[PDB]
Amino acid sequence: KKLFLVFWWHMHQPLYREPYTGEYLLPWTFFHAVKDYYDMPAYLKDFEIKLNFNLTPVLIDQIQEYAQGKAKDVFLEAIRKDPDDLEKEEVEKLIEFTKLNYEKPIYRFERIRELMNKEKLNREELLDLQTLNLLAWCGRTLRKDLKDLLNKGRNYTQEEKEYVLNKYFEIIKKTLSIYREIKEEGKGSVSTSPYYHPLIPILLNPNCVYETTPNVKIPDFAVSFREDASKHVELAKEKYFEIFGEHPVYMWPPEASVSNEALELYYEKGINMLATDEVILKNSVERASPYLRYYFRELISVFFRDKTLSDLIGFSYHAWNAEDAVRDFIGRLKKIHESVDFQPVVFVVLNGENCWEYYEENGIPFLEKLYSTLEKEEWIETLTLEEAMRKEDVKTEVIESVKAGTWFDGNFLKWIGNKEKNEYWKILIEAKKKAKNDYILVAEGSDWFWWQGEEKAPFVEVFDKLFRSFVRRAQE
């Protein structure tokens, strides 16, 4: 009797490329590419288990742009430049960016603490700040090549910094290939999402917000987004086929978001399986075991992730020592295993790039201990998505209706329902009436609405500038 364990690491970045200037206004795609997007699948070279990945098409577009040397990245130019050539504005952004990341364990360099305690910075100190910002995002693979520079800790030259950049761009150029490689070796499945990561249920039917939050106020949706919802899915299928050579039969719905109408859309577009959130399961059915393969109206397979295990990795285990966290994780799988007659299916689904920066050593002690330990538990079988979709010896159940929501509390309030978030929807609704091109699809990505109307964090104004630029460009 086995427990079936399915990791599904979701990788996404909204489009940071401003459409009028072509500049990448935040460097987060570059930094998560060099730290995580290559290195998360690359674990499969060293550990013989199954791990699955989701890549949004908008992320893939940006990785390709960086791999070609085409990406004009404003912050990265502030890193690359000799400090003598830095504008005052570029020095401020470098200092701001350091302070934002300063308490993260990946930034724990003695030299950074000293630099941030100085009132002014000369060229040598700025060179250190530039290079250490780069070295802080070093991924597992380059830890070996760059160990000399990591141990040096200070007194970096312009040529050492350019060496690090050259090795980082080599990593980016290999990033799409490693996803192809682990798929072709059978080591993991790769999925995608609707193209710009929108909230499909709201594009199809905004009234679905009332199923969980009946008293919320939303704008007047006087235009249809339903064919845009189709286009997001259709364009992602085309991109996926081009990159990976298959029609996608599974997709990750952005923010785990589902509704009855969204499930019908996915099925109509040929999607046979997806996953979503446990809170949605509990909001929708009575005997709500998340260890079953569900069939929505006998038409599309639906797994519900184990929210606790997914949240433990995402939010809690960063502060634990690696042995304790892995013992706790395995102990929780043991409890699941002993609590049921059948072979349970355990989906662990979370973002694959955002949590590691809070773990000691960028999560490498934790993930190496976890994957090493899973390799030796005979009663746990890690599965690809294809295997989980087809495994015959699992328990199943038919489900006829879901309560629309997302993995944020089972509802849509992170993206709609207050004055500021509603103002973005109103802008989009008005722009949709005059849209002439697919930049209206870009503006439907969930991220713009996520950041809107929150407490003012650094660079939040950049997301707003991008959103409105795509909305403006869509109408021309």
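Each residue number is its position in the shown sequence, starting from 1.
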query: Average Cα temperature factor in the PDB entry - higher stretch of 218-226, 261-269; finding: 218-226
query: Residue stretch of maximal mean CA temperature factor, 347-355 vs 275-283; finding: 275-283
query: Residue with highest C-alpha B-factor in the PDB entry, from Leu199, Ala136, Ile243, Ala236; finding: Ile243
query: Highest recorded Cα temperature factor - choice among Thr213, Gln130, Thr382, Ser193; finding: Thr213
query: Third assignment of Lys421 from its chain's C-alpha B-factors; finding: middle
query: Chain third (lowest, middle, highest) by recorded CA B-factor, residue given as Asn411; finding: middle
query: Lowest, middle or highest third - CA B-factor, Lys432; finding: highest
query: Position of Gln13 among the chain's modelled residues by C-alpha B-factor, lowest, middle or highest third; finding: lowest
query: Within-chain third of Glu48 by Cα B-factor, per the entry; finding: highest
